[PDB]
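Starting off, we have a lone chain in the form solved without this ligand, written out as structure tokens.
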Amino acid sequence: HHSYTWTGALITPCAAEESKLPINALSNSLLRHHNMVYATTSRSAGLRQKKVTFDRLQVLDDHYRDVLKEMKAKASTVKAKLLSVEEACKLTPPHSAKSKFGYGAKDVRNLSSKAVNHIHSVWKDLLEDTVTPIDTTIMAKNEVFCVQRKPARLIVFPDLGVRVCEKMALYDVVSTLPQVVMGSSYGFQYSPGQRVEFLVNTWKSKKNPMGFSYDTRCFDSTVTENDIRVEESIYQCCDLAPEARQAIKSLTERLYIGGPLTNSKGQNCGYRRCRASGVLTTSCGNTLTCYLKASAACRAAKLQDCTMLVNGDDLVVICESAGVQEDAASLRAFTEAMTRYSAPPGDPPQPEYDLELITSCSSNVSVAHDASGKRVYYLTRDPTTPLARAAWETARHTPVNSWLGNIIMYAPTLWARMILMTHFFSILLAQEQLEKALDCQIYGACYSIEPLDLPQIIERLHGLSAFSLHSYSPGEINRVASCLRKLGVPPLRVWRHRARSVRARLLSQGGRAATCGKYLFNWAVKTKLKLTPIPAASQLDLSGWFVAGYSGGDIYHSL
């Protein structure tokens, strides 16, 4: 029942890997303590292998089965459609890993006969063969972090031709089933603002609110074959075309449940018997399984009025308190149940009586004030990682611009407005690349976005209040100021100064650029403006933006 088995072959890199923070003429204006920022590489793959490799034991009781039965009952009301090859192709990221059969993502998006013909041959094989393990590539991801150094995370994915097939059979499923099964408990249906709203209202729904976050130790590795088959049983409850049922069964048996691992050099590194992190069902599967175990655990632990918020492996639970004494006890029972379900906690869960102190999805609720002086709740986070990555993308061009995603997701925060917005717009101006579309990710899905559209985008997602929030909490302000000292980032007072210049520079550009300067930096000037709704805002088609999670799902949503 081990999560993995290795042969001894090393996880090899597919190209050159950089560990040290690249430095250019712009780096110092943002961050000075360069030694604190690094990128993980395959050099540490071995350390990760040991952490994610362990035996899984599972004891399923009646609470587990009762929840699953309820989940299946809801899933039976879902009707999902098969995606055509062309539709699946359009969902493929322009720069997705190329196939090992003579074609790349570019060929897929263009519907080249070579790509389409191979995809049809892969689809045909899936329908006729439901036993042969599908090959997968295992790689060490290159992610940037701030020291205090974690080993590189592993990524496992099937060939491009197979990924297109997953879309055809399961895209509609993983996109609509979760919300139906988990209702308001499914986190990916909320934008940052709706997320905070659901958290605050739930916290109020309890006479004596009590909540906590639950972090499973290497969730992917705790996912057993049973969990993956139970996930397929849930998918099968949907009203599907017989052809989709066969493909889903085949993908489950041949890919999701497990398979051989091949490094970039073509060598067999071993075998996987747990969750593959690079498949379309990774997000949906983790979410369903976490919600299943956690819901069953809540009953086993005897938690009153348990409301949950689940995002993949990230779990948040809010319920009626029963005294710090009983609360601590119930939590331990919960943890015990989760452990029995094969989902032990990396870090022991602690009860919280302060909403703002609960951290979920690396975020926490906080409060600020609008133009009216009204207390307003918003979503924020520790800016350490966002700033380290911003530093990296400052001197290195990356496939995914985290700074852009962070601005969109945390536009209302103190750090994103004063630092991220100021710094990157300053750069875009100097290079005259304000209207150049950039790729970023939101809930795992890849989006192509032009910086000049940030004003309209933010207005639609967060409202006009985002452009005028003030008087942040002492806790939030202090966490930011501390993070800057740690990384050697100039104080906020410096950023305010720079923003005045960036703002005036944008206003001078006029048009699109003027709108940015006016709305994005209205906080920099002493005498703020009026800031009225933006006409183009509505024209924006931000539908599939916050519907579901697609982490590792190789999904692209052309904007």
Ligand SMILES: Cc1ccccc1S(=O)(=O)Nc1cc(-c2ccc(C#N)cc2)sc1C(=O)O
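The first residue of the shown sequence is 1; numbering continues from there.
- Task: Enter the number of deposited residues without atomic coordinates between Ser121 and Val122, binned as none, 1 to 3, 4 to 9, or 10 or more.
- Result: Unmodelled stretch: none, continuous chain.
- Query: Averaged over C-alpha atoms, is the B-factor higher for 421-429 or for 357-365 in this PDB entry?
  - Reply: The entry gives the higher C-alpha B-factor average to 357-365.
- If you average the CA temperature factors over each stretch, which comes out higher, 113-121 or 376-384? Comparing 113-121 with 376-384, the higher average CA B-factor belongs to 113-121.
- Largest Cα B-factor, entry values, listed residues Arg460, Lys293, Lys81, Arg163: Among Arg460, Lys293, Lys81, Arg163, the highest C-alpha B-factor in the entry belongs to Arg460.
- Item | Among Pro158, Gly323, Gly187, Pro412 - the residue whose C-alpha B-factor is largest in the record | Reading the PDB entry, the winner on C-alpha B-factor is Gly323.
- Using the B-factor values recorded in the entry, state whether the Cα atom of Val494 falls in the lowest, middle or highest third among the modelled residues of its chain. According to the entry, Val494 has a C-alpha B-factor in the chain's middle third.
- Message: Among the modelled residues of this chain, does the Cα B factor of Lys69 put it in the lowest, middle or highest third?
- Response: As the PDB entry reports it, the C-alpha B-factor of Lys69 lands in the lowest third of its chain.
- Item | Record-listed C-alpha B factor of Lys518: chain third | It falls in the top third of the chain.
- Item | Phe101, C-alpha B-factor rank within chain (lowest, middle or highest third) | Highest third.
- Tell me, lowest, middle or highest third: where does the Cα B factor of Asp370 rank within its chain? It falls in the top third of the chain.
Not pictured, yet referred to below: the form solved in complex with this ligand.
- Message: For this ligand, considered in the entry with it bound: do all three of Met418, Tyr472 and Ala481 come within 4.5 Å of it, counting heavy atoms only?
- Response: The answer is yes: all three residues contact the partner (heavy atom, 4.5 Å cut-off).
- Message: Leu492 versus this ligand, in the entry with it bound: is there a non-hydrogen atom within 4.5 Å?
- Response: It does: once this ligand is placed as it appears in the entry with it bound, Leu492 has a heavy atom within 4.5 Å of it.
- Query: Heavy atoms within 4.5 Å of this ligand in the entry with it bound: does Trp523 have any?
  - Reply: So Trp523 counts as contacting this ligand.
- Message: Since only the chain is shown here, I'm wondering whether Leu83 would be in contact with this ligand in the entry with it bound (any heavy atom pair within 4.5 Å).
- Response: No - in the entry with it bound, heavy atoms of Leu83 and this ligand never come within 4.5 Å of each other.
- Message: I'd like to know if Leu240 sits close to this ligand in the entry with it bound, meaning any non-hydrogen atom pair within 4.5 angstroms.
- Response: Judged by the heavy-atom cut-off of 4.5 Å, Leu240 is well away from this ligand in the entry with it bound.
- One stretch from 428-436, 462-470, 155-163, 112-120 that, in the entry with it bound, holds residues within 4.5 Å of this ligand by heavy atom: Result for this chain: 462-470.
- Would you kindly say which of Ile257, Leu303, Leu414, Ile248 lies with a heavy atom within 4.5 Å of this ligand in the entry with it bound? Contact with this ligand in the entry with it bound is made by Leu414 alone.
- Message: Only one of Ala97, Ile449, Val180, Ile477 gets a heavy atom within 4.5 Å of this ligand in the entry with it bound. Which one?
- Response: None of the other options qualify; the answer is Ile477.
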